[PDB]
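Listing of structure_37.txt, compact mmCIF, C-alpha atoms
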# COMPACT_ATOMS: atom_id res chain seq x y z
CA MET A 1 22.60 -106.12 -106.21
CA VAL A 2 19.01 -106.94 -105.23
CA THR A 3 17.38 -106.77 -108.62
CA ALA A 4 13.91 -105.37 -108.26
CA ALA A 5 12.21 -106.68 -111.38
CA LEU A 6 8.87 -105.25 -110.36
CA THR A 7 7.94 -101.71 -110.82
CA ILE A 8 5.12 -101.07 -108.39
CA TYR A 9 3.16 -97.93 -108.38
CA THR A 10 2.60 -96.47 -104.92
CA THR A 11 1.49 -93.32 -103.13
CA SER A 12 1.32 -92.14 -99.54
CA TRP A 13 -2.42 -92.17 -100.20
CA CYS A 14 -2.57 -95.85 -99.64
CA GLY A 15 -4.53 -98.69 -98.14
CA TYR A 16 -5.16 -101.65 -100.43
CA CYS A 17 -1.69 -101.12 -101.93
CA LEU A 18 -0.07 -101.67 -98.56
CA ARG A 19 -1.72 -105.08 -98.24
CA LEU A 20 -0.06 -106.40 -101.39
CA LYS A 21 3.13 -104.50 -100.58
CA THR A 22 3.33 -106.36 -97.25
CA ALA A 23 2.65 -109.69 -98.96
CA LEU A 24 5.35 -109.24 -101.57
CA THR A 25 7.94 -108.14 -99.02
CA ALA A 26 7.12 -111.17 -96.81
CA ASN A 27 7.37 -113.34 -99.92
CA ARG A 28 10.93 -112.00 -100.45
CA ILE A 29 9.90 -110.32 -103.63
CA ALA A 30 12.05 -107.37 -104.63
CA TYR A 31 10.17 -104.45 -106.05
CA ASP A 32 10.82 -100.89 -106.99
CA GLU A 33 8.09 -98.49 -106.07
CA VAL A 34 7.48 -95.39 -108.15
CA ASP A 35 7.73 -91.70 -107.16
CA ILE A 36 4.48 -90.78 -109.12
CA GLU A 37 3.04 -88.78 -106.21
CA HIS A 38 5.86 -86.31 -106.61
CA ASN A 39 7.03 -87.38 -110.08
CA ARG A 40 4.27 -86.22 -112.42
CA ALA A 41 5.46 -87.83 -115.69
CA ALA A 42 5.07 -91.31 -114.28
CA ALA A 43 1.75 -90.46 -112.64
CA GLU A 44 0.16 -89.73 -115.97
CA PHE A 45 1.50 -93.06 -117.21
CA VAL A 46 -0.47 -94.84 -114.45
CA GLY A 47 -3.61 -93.42 -115.98
CA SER A 48 -2.52 -94.85 -119.28
CA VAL A 49 -1.87 -98.40 -118.03
CA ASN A 50 -5.05 -98.59 -115.95
CA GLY A 51 -7.11 -96.85 -118.60
CA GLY A 52 -8.40 -93.57 -117.25
CA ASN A 53 -7.95 -94.70 -113.69
CA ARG A 54 -5.05 -94.46 -111.36
CA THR A 55 -5.15 -97.58 -109.34
CA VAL A 56 -2.32 -97.75 -106.86
CA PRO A 57 -0.99 -101.24 -106.55
CA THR A 58 -0.36 -101.64 -110.16
CA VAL A 59 2.71 -103.65 -110.92
CA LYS A 60 4.66 -103.54 -114.10
CA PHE A 61 7.11 -106.33 -114.63
CA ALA A 62 10.38 -106.42 -116.54
CA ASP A 63 8.14 -108.11 -119.09
CA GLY A 64 6.43 -104.76 -119.72
CA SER A 65 3.01 -106.09 -118.81
CA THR A 66 1.02 -104.45 -116.05
CA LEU A 67 -1.20 -106.14 -113.52
CA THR A 68 -3.79 -103.94 -111.95
CA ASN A 69 -4.59 -105.35 -108.45
CA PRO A 70 -2.92 -108.80 -108.75
CA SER A 71 -2.69 -111.55 -106.19
CA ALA A 72 0.67 -112.16 -104.43
CA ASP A 73 0.66 -115.74 -105.72
CA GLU A 74 0.40 -114.52 -109.32
CA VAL A 75 3.20 -112.04 -108.86
CA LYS A 76 5.51 -114.59 -107.29
CA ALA A 77 4.79 -117.22 -109.99
CA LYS A 78 5.28 -114.65 -112.72
CA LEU A 79 8.42 -113.32 -111.02
CA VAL A 80 10.06 -116.73 -110.96
CA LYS A 81 9.45 -117.22 -114.68
CA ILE A 82 10.37 -113.69 -115.86
CA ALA A 83 13.49 -113.60 -113.74
CA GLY A 84 14.34 -117.23 -114.29
CA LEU A 85 15.63 -117.36 -110.76
CA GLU A 86 14.15 -118.55 -107.41
CA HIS A 87 12.24 -120.87 -109.65
CA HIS A 88 13.70 -124.07 -108.34

What would you get if you wrote out this structure as structure tokens?
Amino acid sequence: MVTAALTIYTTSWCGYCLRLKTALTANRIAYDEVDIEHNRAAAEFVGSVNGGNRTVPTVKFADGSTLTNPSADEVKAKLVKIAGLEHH
């Protein structure tokens, strides 16, 4: 029942993504990471949301908006408003 409201794009080819991924996990933020490395249809979509690039730690919220390389603070403050929980 842990609702992961964040769709985070990840790969095994990682570095900078892991930084944010560690931050969000330590911040008790539930996220769902994508299969794009193996799952091609979603990989192409990364290129779409970044705009010709495929930046790893791209997060798409339940809001539909994507944040390419966000700060953990932003994510957490956006999470609390879009989920309407853990806000207070």

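You will find atom CA of residue 16 of chain A at 25.7 Å from atom CA of residue 81 of chain A.
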
Would you kindly return, as a CSV table (one decimal) with C-alpha atoms, in the coordinates of the input, each protein, DNA or RNA residue with an atom no farther than 10 Å from any atom of residue 71 of chain A, considering only C-alpha atoms and excluding same-chain residues fewer than 5 positions away?
chain,number,residue,atom,x,y,z
A,20,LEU,CA,-0.1,-106.4,-101.4
A,23,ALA,CA,2.6,-109.7,-99.0
A,24,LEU,CA,5.4,-109.2,-101.6
A,76,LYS,CA,5.5,-114.6,-107.3

Which residues are near residue 53 of chain A? Cut-off 12 Å, only C-alpha atoms, ignore same chain within fewer than 5 positions. Put them as number ranges by chain. A: 43-48, 58, 68

Could you give me, as CSV, a per-residue list for segment 55-78 of chain A showing, wherever an atom lies at most 12 Å from an atom of segment 31-42 of chain A, the closest pair of atoms and their distance in Å to one decimal, using all atoms listed in the file and sorting by chain then residue number from low to high?
residue,atom,partner,partner_atom,distance
A:55,CA,A:36,CA,11.8
A:56,CA,A:36,CA,10.0
A:57,CA,A:33,CA,9.5
A:58,CA,A:33,CA,9.9
A:59,CA,A:33,CA,8.9
A:60,CA,A:32,CA,9.8
A:61,CA,A:31,CA,9.3
A:62,CA,A:31,CA,10.7
A:75,CA,A:31,CA,10.7
A:76,CA,A:31,CA,11.2

Hey, which of A:52, A:17, A:70, A:65 ends up closest to residue 5 of chain A? Count only C-alpha atoms. A:65

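What separates atom CA of residue 28 of chain A from atom CA of residue 80 of chain A is a distance of 11.6 Å.
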